[PDB]
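Peer 1: Okay, here's the structure, questions in a sec.
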Amino acid sequence: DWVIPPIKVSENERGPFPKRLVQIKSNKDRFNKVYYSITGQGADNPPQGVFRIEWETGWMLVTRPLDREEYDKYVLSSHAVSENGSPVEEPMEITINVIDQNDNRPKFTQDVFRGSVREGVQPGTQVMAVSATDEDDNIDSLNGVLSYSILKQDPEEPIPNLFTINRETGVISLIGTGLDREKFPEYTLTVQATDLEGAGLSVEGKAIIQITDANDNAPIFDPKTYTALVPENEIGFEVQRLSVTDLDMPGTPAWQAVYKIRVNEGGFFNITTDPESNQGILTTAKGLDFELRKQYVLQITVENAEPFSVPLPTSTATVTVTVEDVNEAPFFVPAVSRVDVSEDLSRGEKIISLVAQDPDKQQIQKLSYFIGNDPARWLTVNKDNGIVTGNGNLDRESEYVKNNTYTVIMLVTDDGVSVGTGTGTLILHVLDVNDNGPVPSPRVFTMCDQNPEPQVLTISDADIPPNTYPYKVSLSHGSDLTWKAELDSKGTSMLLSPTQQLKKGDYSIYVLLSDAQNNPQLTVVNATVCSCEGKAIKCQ
Amino acid sequence: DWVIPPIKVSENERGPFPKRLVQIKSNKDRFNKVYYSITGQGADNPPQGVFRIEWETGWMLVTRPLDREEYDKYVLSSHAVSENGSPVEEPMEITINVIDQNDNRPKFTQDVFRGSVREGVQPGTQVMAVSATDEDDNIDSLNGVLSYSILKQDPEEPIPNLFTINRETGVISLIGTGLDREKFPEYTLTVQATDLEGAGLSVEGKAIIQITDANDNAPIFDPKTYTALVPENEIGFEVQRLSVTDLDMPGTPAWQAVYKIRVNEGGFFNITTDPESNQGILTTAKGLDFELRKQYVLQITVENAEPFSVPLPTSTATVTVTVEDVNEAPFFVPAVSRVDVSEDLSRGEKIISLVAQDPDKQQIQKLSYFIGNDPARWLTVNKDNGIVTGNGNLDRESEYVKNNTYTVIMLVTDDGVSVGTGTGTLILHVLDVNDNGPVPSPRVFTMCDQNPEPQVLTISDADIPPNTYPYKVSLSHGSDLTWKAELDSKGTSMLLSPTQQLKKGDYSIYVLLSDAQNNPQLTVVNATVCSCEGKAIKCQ
Amino acid sequence: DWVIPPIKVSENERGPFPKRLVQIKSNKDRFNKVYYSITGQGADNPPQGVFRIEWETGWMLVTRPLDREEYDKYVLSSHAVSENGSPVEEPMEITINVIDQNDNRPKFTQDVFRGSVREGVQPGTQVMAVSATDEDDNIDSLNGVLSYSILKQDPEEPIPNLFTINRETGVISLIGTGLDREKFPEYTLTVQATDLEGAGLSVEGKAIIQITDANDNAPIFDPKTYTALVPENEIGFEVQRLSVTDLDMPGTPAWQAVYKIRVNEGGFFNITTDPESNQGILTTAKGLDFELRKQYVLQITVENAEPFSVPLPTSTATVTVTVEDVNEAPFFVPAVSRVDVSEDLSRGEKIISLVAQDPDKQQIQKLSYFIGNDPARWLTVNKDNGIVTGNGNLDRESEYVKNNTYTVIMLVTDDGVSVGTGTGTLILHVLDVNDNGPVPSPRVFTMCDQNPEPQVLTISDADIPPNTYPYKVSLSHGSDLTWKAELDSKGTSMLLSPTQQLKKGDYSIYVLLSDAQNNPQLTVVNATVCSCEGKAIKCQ
Ligand SMILES: *[C@@H]1O[C@H](CO)[C@@H](O)[C@H](O)[C@H]1NC(C)=O
Ligand SMILES: *[C@@H]1O[C@H](CO)[C@@H](O)[C@H](O)[C@H]1NC(C)=O
Ligand SMILES: *[C@@H]1O[C@H](CO)[C@@H](O)[C@H](O)[C@H]1NC(C)=O
Ligand SMILES: *[C@@H]1O[C@H](CO)[C@@H](O)[C@H](O)[C@H]1NC(C)=O
Ligand SMILES: *[C@@H]1O[C@H](CO)[C@@H](O)[C@H](O)[C@H]1NC(C)=O
Ligand SMILES: *[C@@H]1O[C@H](CO)[C@@H](O)[C@H](O)[C@H]1NC(C)=O
Ligand SMILES: *[C@@H]1O[C@H](CO)[C@@H](O)[C@H](O)[C@H]1NC(C)=O
Ligand SMILES: *[C@@H]1O[C@H](CO)[C@@H](O)[C@H](O)[C@H]1NC(C)=O
Ligand SMILES: *[C@@H]1O[C@H](CO)[C@@H](O)[C@H](O)[C@H]1NC(C)=O
Ligand SMILES: *[C@@H]1O[C@H](CO)[C@@H](O)[C@H](O)[C@H]1NC(C)=O
Ligand SMILES: *[C@@H]1O[C@H](CO)[C@@H](O)[C@H](O)[C@H]1NC(C)=O
Ligand SMILES: *[C@@H]1O[C@H](CO)[C@@H](O)[C@H](O)[C@H]1NC(C)=O
Ligand SMILES: *[C@@H]1O[C@H](CO)[C@@H](O)[C@H](O)[C@H]1NC(C)=O
Ligand SMILES: *[C@@H]1O[C@H](CO)[C@@H](O)[C@H](O)[C@H]1NC(C)=O
Ligand SMILES: *[C@@H]1O[C@H](CO)[C@@H](O)[C@H](O)[C@H]1NC(C)=O
Ligand SMILES: *[C@@H]1O[C@H](CO)[C@@H](O)[C@H](O)[C@H]1NC(C)=O
Ligand SMILES: *[C@@H]1O[C@H](CO)[C@@H](O)[C@H](O)[C@H]1NC(C)=O
Ligand SMILES: *[C@@H]1O[C@H](CO)[C@@H](O)[C@H](O)[C@H]1NC(C)=O
Ligand SMILES: *[C@@H]1O[C@H](CO)[C@@H](O)[C@H](O)[C@H]1NC(C)=O
Ligand SMILES: *[C@@H]1O[C@H](CO)[C@@H](O)[C@H](O)[C@H]1NC(C)=O
Ligand SMILES: *[C@@H]1O[C@H](CO)[C@@H](O)[C@H](O)[C@H]1NC(C)=O
Ligand SMILES: *[C@H]1O[C@H](CO)[C@@H](O)[C@H](O)[C@H]1NC(C)=O
Ligand SMILES: *[C@H]1O[C@H](CO)[C@@H](O)[C@H](O)[C@H]1NC(C)=O
Ligand SMILES: *[C@H]1O[C@H](CO)[C@@H](O)[C@H](O)[C@H]1NC(C)=O
Ligand SMILES: *[C@H]1O[C@H](CO)[C@@H](O)[C@H](O)[C@H]1NC(C)=O
Ligand SMILES: *[C@H]1O[C@H](CO)[C@@H](O)[C@H](O)[C@H]1NC(C)=O
Ligand SMILES: *[C@H]1O[C@H](CO)[C@@H](O)[C@H](O)[C@H]1NC(C)=O
Ligand SMILES: *[C@H]1O[C@H](CO)[C@@H](O)[C@H](O)[C@H]1NC(C)=O
Ligand SMILES: *[C@H]1O[C@H](CO)[C@@H](O)[C@H](O)[C@H]1NC(C)=O
Ligand SMILES: *[C@H]1O[C@H](CO)[C@@H](O)[C@H](O)[C@H]1NC(C)=O
Ligand SMILES: [Ca+2]
Ligand SMILES: [Ca+2]
Ligand SMILES: [Ca+2]
Ligand SMILES: [Ca+2]
Ligand SMILES: [Ca+2]
Ligand SMILES: [Ca+2]
Ligand SMILES: [Ca+2]
Ligand SMILES: [Ca+2]
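Going down the list, the sequences are from chains A, B and C.
If you read the first sequence in the numbering used here, its first letter stands for residue 207, the second for the next number, and so on.
If you read the second sequence in the numbering used here, its first letter stands for residue 207, the second for the next number, and so on.
If you read the third sequence in the numbering used here, its first letter stands for residue 207, the second for the next number, and so on.
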């Protein structure tokens, strides 16, 4: 058909109501009276009564103002019946479009936006982002397009133009330079959005930016030069602690100190760090020792764990140390294999005039010499002059003496001012003299009767050679009660044989030898005889 | 075609709206999309929006509740066009019928109906008529048919069921008996009408009935026996008035009294009625008279103008009258032609001893007798004894006496106690005596000279016969100066003639007559003579 | 709805254009002016402008002629808008069907169809098949149904009604009889197809049929009787070749000849066939031989490889052969163990008068007898009379003679007219004569001195028994130089013993024996003696 165009109507209209929109006519009215009515939402349906028609003229009206924001369009159905009561025309659809008007102010997405950036970054860096909206049209008008802006950053210091915002997108960026968490950490700037691309109505928001941290700062010592005293030897011990103040953020690696000495003399120092006021705690690496050095001039520089965000001054601490003195024990010089001395020494004679030395050249402390180790008592010392003399009777020949030795240990004490011990061994070579003289091996025989065979006997000397070289056998009172002497060819033994057919048991034979001579006297080597033929038998 | 049935819908429907009625489909939809719309009253025409269709499904709906009472039917036209824009199917008529529901209470034609009936009527008599209506259907349901009834007549007295009403027609009739305007004249009864032949809903009205009047009552006298006094004679006059009280309606013929005496003695009484308290006003018909009766016992009954609507007691009034006395004039008995008396009566003699009578036997009142009528003075009366004597000289012979009469009238007066007159005539026969005597007719002649002829002369008597019978003529001194006497044969005249030739004029002749005798003397009848021959001539 | 029926329109319509089809009206025109338009293919869409409507009346028209063959149907959409500009009725679909008309001539599937069948088949046999089409309707009309037919087969010979075609299917079949590839191998017939079942329009095609082959023909010889000459013996050799002509198809088994002789005399003939003009090549099976037969009358029939498609005449070839002569070598009759002849024969005496025979009775050819084999020269032949005489000295006794034999072979030659050899052996029984006489075995002794034991000696004869029967020993000059003779009992040896004690070595003994007598003289059997006792010892 020839339909009927949609009807545009403005919003928030205002004048004298009613307002005729249009007029409709059924031509089938030649016959009876026609009754015009109309139906739909806004008509008889909810919102009832916005539009109504004059049953007799065919006029359509808007009865009151409208807000497209509420309902932006309506569709209606129109009718025409006869007085008799019958419909005449197939109904007719009707449309109305509600044209937008700038009745709406915009509104920010949130009531407050927050942001953060680091202090050391470069100009032209994107920080935050902000939103807002207008409910009016924005597809055929500007009643709903906004334009963003900024008008007041607080801390109007260092300067007041650190940022800008993209008018269309509302994004903010760092424009200037001079950000420092250490002086001004959080800005509060006021934003506004406007109707018709900055032309219409405006509103406010608030965005707040916190500033991350940077290693803008270096560490600073609170003393620059310290001093402490120290002892030579127990040690590995705490000398002095140090103080400092970095200014970036505390629990952070831009706040933790790292040290080191420049030069470690004997490399006898270690230094650690501590999460207190991360003071510098210095200590001794390997004890000290001395009388060698009293002075210690060393320097320690301090850094952070992480590198610096800028060239900065490295700052050292210069420190002086002094070693207190402890006084140590003295010592005999050697451990003496000294005196190759003979057995004939006169009880009270100079053996070893000895001396001991003591470390501490503070030496105005003497000591006393004491002896100590010990198989039995011979020797003697002058305690205030360390003089070892030889008292007593010695005898290389016999008991304690093991290999050609006699080892003895002695002491010495550090007095004068405190304490001390000195353990020193002393081996002294004893010597030989020909003391003893020759002696027979077996002392009792068992001779036989009829024809006894030679009674083997031998010789032994306690002395050391030559002193036991060859012999000379001799038979004293009974050199004839019949007894005849004899030597083995290979030196050592002697052959003892009677020369008479003598008696039934129990009787001695006086013996007498010599080796350089010395002559011993020996003696009786008794002789038990019991009935027989010729071989030395078990007796009775 | 295969059309589409009308759609019945209930009224005052109620549930969740919408409500699908039916669904339509164009089959010509194989080609494009079809758009369903619909038109008419209730559609796009006033009432707009009661029904609407889903352009894409083809469903028809009722959008809200309806009242058949407002619109009981709708007719609609349905359409289907293509997206391109062309119609596909010849439209389609659609009908909806709205089924009635009992939403309407009935209502009385008027707010109050009035009525009236007469008190004496019979049970089974139609009085009033009442109306009312219901607007719901009444041609397929009972939602609109009523049933009439009554539930409270006021004046629940004599009894409380004087009427009934026809449930279907609403007409009322008298059912009981005992209606009396005189005690309870106006009832007020409450009526009700109901839905579904007395089943549904009900309402009230009010009908008020006034009761016409009836001659239920008879008239009642307020005195039952009266008395009054009365006078004999002026009369036709008011004796006494009477009082009564009928009880029906005042200005009415059931309240106007009618009387009558039972027996009218001499028929000398009349009685009228009067629109005052319609008292009985009695009077005298024809004066009374008396000394004949003093008592009057008569009775008067009283009715109404119109007959009675019931047998009733007729009630009489018994009354007594007494006649006062007035005293009347006396009367001579007759009117007397009494005394044939002669002329010779002696002055002072009994003529008529008369008497008069007076009516009132209360008679202790005398009177006095006076005379009255009159030619001249003769007679006389004794006033305290009525005695007529005769004084004076009378004389039948002459003047007043006309025929043989003399009539006289006299009076008498009622004294003793008040007043009176009595006119009575009296004729008295006078009589004859022979008084006078004879006399000559002519007294002067004219005789002649030479030979005079007889001078005729005659005779006359004043008396009555026999007293004038025949004569005897006589001539006294001059019985001869010549004169000679003579009588006519037929008695009366006399012939006078000289006997000498005598002289010239002037001279008399002495005459003398008689009749019983009496003898008169008459006289001189002079005679004038003058010169002549013989005939009585005129003289000189 | 009340839609609107499709509109049938004829094709290739022709009269005055335009042509009103139908008129449409919107009734919603009571209000404004309505504008009628219409859309679709054939409307505003390609083919644009075939139909158009009068915006103000509502008439629809066809503007020009149509061909259903191009487009057989159209669908359109109609519209109606108001002057103000609004559509009034949902558009309306519109349809038009284009009714077919016989505007199309049919057409053959191919431009030429080919076919083939074999000559000997039976009437009522399906050969080819042909197609064609019409584009007009063929489902409600006959505008597209064809009827097939034939109207000219070429080679209107033998007869001109060899086939028919099924009018509905277009299939062709053999109806007549007389097909021969050999005379008329390929027919060319003209076909036609027609509209409305042979009623409408027609067209032509061409179908060509080739005729397969059949064994209608038998083989025919070109000579009927041949002749050839032949030789007796080298042989297995080609006698004569034969010619023939079958008429069916060449490279085919209905053209390959197969032979055979009827009777094979000694079964000495073979005959093969050859893919040349498949001539009959006859040969000799097993040489011939003769002088036995000169004539050969034999017959050979010829067939094809595959049987015949009809009874036919088998045709033989009758042939005559003649054997040329070759002349062979002669032969002695036997191989002779003939002459039991004695050693005493006189040099030049009849031994074996022999004869030889020669085959060829053409015998006017003689030969010459030559001898040949040979240990040495005795015998002799007359060459022109074959006479074996005996020249020479023979001697059964000794050298060549092995068992009692002497075998010799000789020859004979075929001359007179050509060549020849005859090898014949000849064994001749030689006989015994007593030639030689007895002789001693050892000829030299070794006798001893003191007492020599008998010198054993024996005897031997070269003759055959009785001729060597027993002996007679004799001692000639020295029958006493002392020597005494003796025979062994069992005949053969002789005991030689002295009778004197004679001398020291070197000396003979004259011996003399006999066997029939013959007497030999023998001789000296010398005797070497050397010093001794009695046993024949080794000497010196
Ligand atoms: C930003 O926020 C802080 C915290 O309240 C406030 O003190 C300051 O004034 C605001 N503006 C700037 C530029 O710091
Ligand atoms: C020396 O060392 C001491 C240690 O107690 C310290 O207090 C002082 O500051 C250092 N410097 C000097 C000059 O004494
Ligand atoms: C670190 O020490 C320096 C030296 O006096 C001082 O100026 C600074 O304030 C200290 N740091 C802090 C956080 O006080
Ligand atoms: C530390 O060493 C420096 C370097 O010589 C010296 O001046 C100072 O006296 C030493 N000790 C103290 C107490 O500073
Ligand atoms: C000597 O030295 C040895 C080795 O230690 C020791 O065992 C011994 O007791 C010391 N004295 C003597 C008398 O040997
Ligand atoms: C010296 O050392 C000795 C070791 O034998 C020890 O017993 C003693 O206590 C020390 N003397 C002093 C004075 O400290
Ligand atoms: C020295 O004396 C000390 C203290 O008893 C002891 O421990 C040590 O063994 C002794 N000997 C030496 C050689 O120092
Ligand atoms: C009827 O109407 C009268 C007048 O008001 C009223 O007094 C009376 O109570 C009513 N009912 C009857 C039965 O009289
Ligand atoms: C008598 O008549 C008089 C007239 O005045 C009246 O008042 C009275 O009621 C009557 N009856 C009697 C007994 O007096
Ligand atoms: C009429 O008179 C009688 C007699 O006393 C009385 O009972 C009645 O009430 C009177 N009528 C009227 C209306 O008073
Ligand atoms: C009326 O007449 C009656 C009848 O005799 C009598 O009783 C009465 O006294 C008369 N007068 C009066 C005053 O009632
Ligand atoms: C007599 O009576 C008559 C008749 O009425 C009257 O005219 C006359 O005057 C009376 N007297 C005399 C004397 O006649
Ligand atoms: C009597 O009647 C006479 C009539 O002649 C009249 O004049 C007079 O007044 C009456 N007398 C009395 C006393 O009433
Ligand atoms: C009686 O006297 C009266 C009073 O004057 C008078 O009227 C009447 O005529 C007189 N006559 C008679 C006859 O009563
Ligand atoms: C069939 O085709 C052959 C080959 O061209 C032609 O010669 C002949 O005339 C045609 N017709 C018949 C019946 O052979
Ligand atoms: C005979 O054989 C010869 C062979 O060369 C042949 O040519 C000939 O046709 C055959 N027939 C006769 C009758 O010669
Ligand atoms: C075969 O030989 C016969 C005999 O003459 C002849 O008629 C026929 O034509 C020959 N075949 C052919 C193909 O020439
Ligand atoms: C072939 O044999 C027949 C049969 O006898 C004979 O007639 C003929 O001569 C022979 N040879 C030839 C040359 O045909
Ligand atoms: C005899 O015949 C034999 C047998 O073949 C042969 O070996 C020999 O040479 C012939 N001649 C003689 C003399 O034996
Ligand atoms: C005959 O046969 C012999 C065989 O010994 C042969 O050497 C010779 O050549 C033949 N002779 C002839 C004439 O062919
Ligand atoms: C005959 O002579 C022929 C020709 O040399 C030879 O081959 C054959 O061996 C001879 N012998 C016989 C028995 O034929
Ligand atoms: C000082 O030395 C440190 C390392 O110990 C270095 O990191 C720092 O950058 C140096 N100072 C300067 C100004 O380069
Ligand atoms: C004493 O000192 C010596 C060093 O000469 C050492 O060898 C020995 O072990 C020490 N003996 C003791 C017990 O100290
Ligand atoms: C004695 O001397 C030997 C040789 O020097 C030495 O090795 C040994 O230790 C000493 N003492 C003993 C008990 O062997
Ligand atoms: C009494 O008399 C009257 C007429 O005077 C009459 O109408 C009435 O009915 C009578 N009373 C009775 C009870 O009949
Ligand atoms: C007097 O009374 C008489 C009755 O006798 C009457 O005829 C006459 O008229 C009366 N005259 C007068 C004047 O009353
Ligand atoms: C006298 O008498 C006559 C006769 O009775 C009478 O009729 C007449 O009235 C009287 N008087 C007169 C004047 O006639
Ligand atoms: C002649 O013989 C052949 C076979 O050699 C045979 O196939 C053919 O049918 C025969 N001829 C007739 C007429 O049967
Ligand atoms: C000769 O012929 C004979 C037949 O008797 C045969 O046995 C022999 O082999 C032949 N010898 C030779 C060499 O031909
Ligand atoms: C001789 O005769 C024997 C017996 O018949 C025969 O078998 C043999 O072959 C002949 N020759 C020889 C050498 O044996
Ligand atoms: Ca900073
Ligand atoms: Ca010693
Ligand atoms: Ca209702
Ligand atoms: Ca009453
Ligand atoms: Ca008188
Ligand atoms: Ca066609
Ligand atoms: Ca054929
Ligand atoms: Ca011989």
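Even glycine gets a Cβ: it sits at the ideal position worked out from N, Cα and C.
Would the beta-carbon of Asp454 (chain A) be found less than 7 Å away from any heavy atom of ligand 3?
Peer 2: Residue 454 (chain A) sits at position 248 when you count from the first residue of the first sequence. For ligand 3, not one heavy atom lies less than 7 Å from the Cβ of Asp454 (chain A).
Peer 1: For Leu407 (chain C), list the residues DSSP reports as bridge partners.
Peer 2: Translated into positions along the third sequence, residue 407 (chain C) becomes position 201. Paired residues: none, contrary to the question.
Peer 1: Kindly indicate which residue of B:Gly291, B:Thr315 and B:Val532 has the alpha-carbon position closest to the one of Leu435 (chain B).
Peer 2: Residue 435 (chain B) sits at position 229 when you count from the first residue of the second sequence. Out of B:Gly291, B:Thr315 and B:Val532, B:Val532 has the C-alpha closest to the C-alpha of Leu435 (chain B).
Peer 1: Shortest alpha-carbon distance to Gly248 (chain C) belongs to which of C:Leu282, C:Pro648, C:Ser682 and C:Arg226?
Peer 2: Position 42 of the third sequence, counted from the first residue, corresponds to residue 248 (chain C). Of C:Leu282, C:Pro648, C:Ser682 and C:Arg226, the residue nearest in Cα terms is C:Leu282.
Peer 1: Please tell me whether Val323 (chain B) and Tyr354 (chain B) are closer than 8 Å, where the distance is taken between their beta carbons.
Peer 2: Along the second sequence, one-based indexing puts residue 323 (chain B) at 117. Along the second sequence, one-based indexing puts residue 354 (chain B) at 148. Not in contact: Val323 (chain B) and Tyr354 (chain B) (Cβ atoms no closer than 8 Å).
Peer 1: So, is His683 (chain C) buried or exposed, given that buried needs 16 or more other C-beta atoms within 10 angstroms?
Peer 2: Position 477 of the third sequence, counted from the start, is the residue given in the question as residue 683 (chain C). The residue in question, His683 (chain C), is exposed, as its Cβ has fewer than 16 Cβ neighbours within 10 Å.
Peer 1: Taking 8 Å as the threshold (beta carbon to beta carbon), is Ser288 (chain C) in contact with chain B?
Peer 2: The residue you call residue 288 (chain C) lines up with position 82 of the third sequence. Answer no: the Cβ-Cβ gap between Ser288 (chain C) and chain B never drops below 8 Å.
Peer 1: Quickly, what does DSSP pair residue 761 (chain B) with across the bridge? List them, please.
Peer 2: No answer is possible for residue 761 (chain B): it lies beyond the span of chain B, which begins at 207 and ends at 746.
Peer 1: How many Å lie between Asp235 (chain C) and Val209 (chain A) at the Cα?
Peer 2: Here residue 235 (chain C) refers to the residue found at position 29 when the third sequence is read from its first residue. Here residue 209 (chain A) refers to the residue found at position 3 when the first sequence is read from its first residue. One C-alpha to the other measures close to 10 Å.
Peer 1: Which residues, in order along the region 331-360 of chain B, keep a beta-carbon less than 7 Å from a beta-carbon of chain A?
Peer 2: Of all residues in the region 331-360 of chain B, none has a Cβ within less than 7 Å of some Cβ in chain A.
Peer 1: Could you name the residues that DSSP lists as bridge partners for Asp546 (chain B)?
Peer 2: Locating residue 546 (chain B) in the second sequence gives position 340, where the first residue counts as 1. DSSP output for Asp546 (chain B) lists no bridge partner at all.
Peer 1: Assuming the contact rule is C-beta atoms closer than 8 Å, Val304 (chain B) and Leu272 (chain B) should be a hit. Round their C-beta distance to whole Å, please.
Peer 2: For the purposes of this step, residue 304 (chain B) is taken as residue 98 along the second sequence, with counting starting at 1. For the purposes of this step, residue 272 (chain B) is taken as residue 66 along the second sequence, with counting starting at 1. About 6 Å separates the two Cβ atoms, so the contact holds.
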